[PDB]
There are 2 protein chains.
Amino acid sequence: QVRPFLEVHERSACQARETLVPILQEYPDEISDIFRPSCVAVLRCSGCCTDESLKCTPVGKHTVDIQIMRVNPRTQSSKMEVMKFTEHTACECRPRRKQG
Amino acid sequence: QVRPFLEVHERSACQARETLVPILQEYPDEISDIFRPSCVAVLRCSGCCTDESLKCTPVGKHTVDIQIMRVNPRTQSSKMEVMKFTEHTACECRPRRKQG
């Protein structure tokens with residue numbers, strides 16, 4: 001079956017969808033420890049804007065608390081903790097202004 | 001509500017999930033025309049492997065046919081066509097052998 005154009009276009013459009021977020025990406029300062037999992041799946045804005053120069057960007061967001069395991073790299077001891085991650089609730093195709 | 005560890009781990013695990021695939025990525029030779037949408041959403045393997053050195057890779061796949069609009073960049077004339085895309089059906093955390 002050929003997937004209809006409207007359906008194809010609808011799914012690739014800029015919107016919030018499940019996205020993998022490395023803990024190190026959300027928290028650049030967490031450079032020493034081991035985390036399990038090393039990334040989390042939360043909703044983030046993504047899609048190919050009709051105007052190819054625009055970026056799918058969040059215009060709405062909230063925070064979600066996730067249980068993560070922190071592992072001490074030297075002793076290998078594990079400990080559970082709650083870690084906050086930004087989740088996108090609304091998205092729009094926006095221009096990326098030229099900085100500088 | 002804090003999302004439980006098991007649920008967190010389950011979603012970030014290597015598995016097939018909705019992924020944006022630019023038409024130019026699937027077809028590197030399609031360098032001249034304009035496509036609407038410019039990318040499609042199909043299932044692809046992604047996730048953070050428990051062993052951080054391993055890559056989430058497909059071990060099963062099939063092809064899906066999608067309706068895409070091809071636009072002539074000089075005349076701006078549109079035409080619908082069916083375009084094939086690889087979709088991943090099974091995934092595994094596999095080693096990335098050092099080439100060379």
# chains A, B, ... in the order shown; residues from 1 in each chain; ligands from 1

$ residues_around --residues "residue 14 in chain A" --least-positions-apart "2" --cutoff "8 Å" --atoms "only C-alpha atoms" --output "PDB file with N, CA, C and O atoms, in the first residue's frame"
ATOM      1  N   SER A  12       5.571  14.182   8.912  1.00  0.00           N
ATOM      2  CA  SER A  12       6.880  14.816   8.864  1.00  0.00           C
ATOM      3  C   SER A  12       6.839  16.281   9.299  1.00  0.00           C
ATOM      4  O   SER A  12       7.881  16.900   9.516  1.00  0.00           O
ATOM      5  N   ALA A  16       5.719  18.053  18.169  1.00  0.00           N
ATOM      6  CA  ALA A  16       6.417  17.390  19.256  1.00  0.00           C
ATOM      7  C   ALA A  16       6.338  15.893  19.037  1.00  0.00           C
ATOM      8  O   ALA A  16       5.272  15.359  18.747  1.00  0.00           O
ATOM      9  N   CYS A  45      10.457  19.071  19.758  1.00  0.00           N
ATOM     10  CA  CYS A  45      10.019  19.555  18.464  1.00  0.00           C
ATOM     11  C   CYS A  45      10.932  19.129  17.318  1.00  0.00           C
ATOM     12  O   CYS A  45      12.138  19.352  17.361  1.00  0.00           O
ATOM     13  N   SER A  46      10.346  18.530  16.288  1.00  0.00           N
ATOM     14  CA  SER A  46      11.121  18.154  15.115  1.00  0.00           C
ATOM     15  C   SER A  46      10.200  17.975  13.922  1.00  0.00           C
ATOM     16  O   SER A  46       9.024  17.619  14.071  1.00  0.00           O
ATOM     17  N   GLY A  47      10.736  18.242  12.740  1.00  0.00           N
ATOM     18  CA  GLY A  47       9.967  18.090  11.516  1.00  0.00           C
ATOM     19  C   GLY A  47      10.599  18.942  10.439  1.00  0.00           C
ATOM     20  O   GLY A  47      11.414  19.807  10.745  1.00  0.00           O
ATOM     21  N   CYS A  48      10.234  18.715   9.182  1.00  0.00           N
ATOM     22  CA  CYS A  48      10.797  19.492   8.082  1.00  0.00           C
ATOM     23  C   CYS A  48       9.832  20.596   7.674  1.00  0.00           C
ATOM     24  O   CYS A  48       8.819  20.332   7.044  1.00  0.00           O
ATOM     25  N   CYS A  49      10.158  21.833   8.035  1.00  0.00           N
ATOM     26  CA  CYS A  49       9.313  22.985   7.724  1.00  0.00           C
ATOM     27  C   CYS A  49       9.098  23.190   6.231  1.00  0.00           C
ATOM     28  O   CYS A  49      10.017  22.996   5.435  1.00  0.00           O
ATOM     29  N   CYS A  56      12.225  23.925  13.122  1.00  0.00           N
ATOM     30  CA  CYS A  56      11.105  23.521  13.966  1.00  0.00           C
ATOM     31  C   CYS A  56      11.568  23.804  15.394  1.00  0.00           C
ATOM     32  O   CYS A  56      12.501  23.169  15.905  1.00  0.00           O
ATOM     33  N   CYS A  91       5.075  23.618  19.025  1.00  0.00           N
ATOM     34  CA  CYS A  91       6.176  23.908  18.114  1.00  0.00           C
ATOM     35  C   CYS A  91       5.764  24.794  16.948  1.00  0.00           C
ATOM     36  O   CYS A  91       4.615  24.772  16.520  1.00  0.00           O
ATOM     37  N   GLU A  92       6.721  25.550  16.428  1.00  0.00           N
ATOM     38  CA  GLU A  92       6.483  26.400  15.275  1.00  0.00           C
ATOM     39  C   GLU A  92       7.733  26.449  14.428  1.00  0.00           C
ATOM     40  O   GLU A  92       8.843  26.254  14.925  1.00  0.00           O
ATOM     41  N   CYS A  93       7.547  26.684  13.136  1.00  0.00           N
ATOM     42  CA  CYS A  93       8.663  26.832  12.226  1.00  0.00           C
ATOM     43  C   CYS A  93       9.102  28.284  12.360  1.00  0.00           C
ATOM     44  O   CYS A  93       8.363  29.196  11.991  1.00  0.00           O
TER      45      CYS A  93
END

$ select_by_dssp --residues "range 17-81 of chain B" --states "strand (DSSP E or B)" --output "PyMOL selection string"
chain B and resi 17-22+34-36+39-46+54-71+78-81

$ write_last_selection --atoms "C-alpha atoms" --output "mmCIF file, in the first residue's frame"
data_model
loop_
_atom_site.group_PDB
_atom_site.id
_atom_site.type_symbol
_atom_site.label_atom_id
_atom_site.label_comp_id
_atom_site.auth_asym_id
_atom_site.auth_seq_id
_atom_site.Cartn_x
_atom_site.Cartn_y
_atom_site.Cartn_z
ATOM 1 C CA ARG B 17 10.744 4.384 16.472
ATOM 2 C CA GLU B 18 9.430 7.220 14.318
ATOM 3 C CA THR B 19 12.384 8.957 12.676
ATOM 4 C CA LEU B 20 12.687 11.851 10.243
ATOM 5 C CA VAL B 21 14.483 10.909 7.025
ATOM 6 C CA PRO B 22 15.334 13.700 4.561
ATOM 7 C CA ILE B 34 12.436 20.461 -4.544
ATOM 8 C CA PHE B 35 10.428 17.924 -2.560
ATOM 9 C CA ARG B 36 7.334 18.395 -0.393
ATOM 10 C CA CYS B 39 11.679 14.613 4.720
ATOM 11 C CA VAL B 40 9.471 11.657 5.719
ATOM 12 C CA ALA B 41 8.737 9.936 9.031
ATOM 13 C CA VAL B 42 9.317 6.180 9.063
ATOM 14 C CA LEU B 43 10.472 3.654 11.635
ATOM 15 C CA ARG B 44 14.231 3.537 12.226
ATOM 16 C CA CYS B 45 16.396 1.978 14.917
ATOM 17 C CA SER B 46 17.511 4.296 17.705
ATOM 18 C CA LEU B 54 27.560 -0.306 20.817
ATOM 19 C CA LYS B 55 25.303 1.215 18.158
ATOM 20 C CA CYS B 56 21.568 0.601 17.833
ATOM 21 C CA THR B 57 21.409 -1.015 14.409
ATOM 22 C CA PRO B 58 18.778 -2.701 12.230
ATOM 23 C CA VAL B 59 18.816 -6.500 11.920
ATOM 24 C CA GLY B 60 15.470 -6.522 10.152
ATOM 25 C CA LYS B 61 13.985 -4.239 7.514
ATOM 26 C CA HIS B 62 11.440 -3.785 4.743
ATOM 27 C CA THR B 63 10.446 -1.070 2.289
ATOM 28 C CA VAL B 64 7.446 1.226 2.390
ATOM 29 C CA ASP B 65 6.080 3.249 -0.539
ATOM 30 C CA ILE B 66 5.245 6.876 0.161
ATOM 31 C CA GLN B 67 3.507 9.536 -1.935
ATOM 32 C CA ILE B 68 5.842 12.534 -2.352
ATOM 33 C CA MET B 69 5.483 15.768 -4.331
ATOM 34 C CA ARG B 70 8.355 16.572 -6.680
ATOM 35 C CA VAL B 71 8.610 20.214 -7.619
ATOM 36 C CA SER B 78 4.342 19.944 -9.101
ATOM 37 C CA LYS B 79 3.924 16.219 -9.741
ATOM 38 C CA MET B 80 3.105 13.376 -7.322
ATOM 39 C CA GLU B 81 5.201 10.229 -7.279
#

$ residues_around --residues "residue 72 in chain A" --least-positions-apart "4" --cutoff "6 Å" --atoms "only C-alpha atoms" --output "PyMOL selection string"
chain A and resi 33+76-77

$ residues_around --residues "residue 24 in chain B" --least-positions-apart "6" --cutoff "8 Å" --atoms "only C-alpha atoms" --output "PyMOL selection string"
chain B and resi 30-31+38

$ write_last_selection --atoms "N, CA and C atoms" --output "PDB file, in the first residue's frame"
ATOM      1  N   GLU B  30      19.392  12.830  -5.584  1.00  0.00           N
ATOM      2  CA  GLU B  30      18.295  13.775  -5.825  1.00  0.00           C
ATOM      3  C   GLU B  30      18.707  15.190  -5.404  1.00  0.00           C
ATOM      4  N   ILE B  31      19.744  15.706  -6.053  1.00  0.00           N
ATOM      5  CA  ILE B  31      20.301  17.010  -5.718  1.00  0.00           C
ATOM      6  C   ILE B  31      19.690  18.251  -6.362  1.00  0.00           C
ATOM      7  N   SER B  38      10.088  17.729   2.526  1.00  0.00           N
ATOM      8  CA  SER B  38      11.493  17.491   2.198  1.00  0.00           C
ATOM      9  C   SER B  38      12.031  16.269   2.953  1.00  0.00           C
TER      10      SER B  38
END

$ atom_distance --atom1 "CA of residue 74 in chain B" --atom2 "CA of residue 32 in chain B"
10.0 Å

$ atom_distance --atom1 "CA of residue 7 in chain A" --atom2 "CA of residue 75 in chain B"
26.2 Å

$ select_by_dssp --residues "range 14-89 of chain B" --states "alpha helix (DSSP H)" --output "MDAnalysis selection string"
chainID B and resid 23:26

$ atom_distance --atom1 "CA of residue 6 in chain A" --atom2 "CA of residue 83 in chain B"
14.3 Å

$ closest_residue --among "A:29, A:10, A:52, A:5" --to "chain B" --atoms "only C-alpha atoms"
A:5
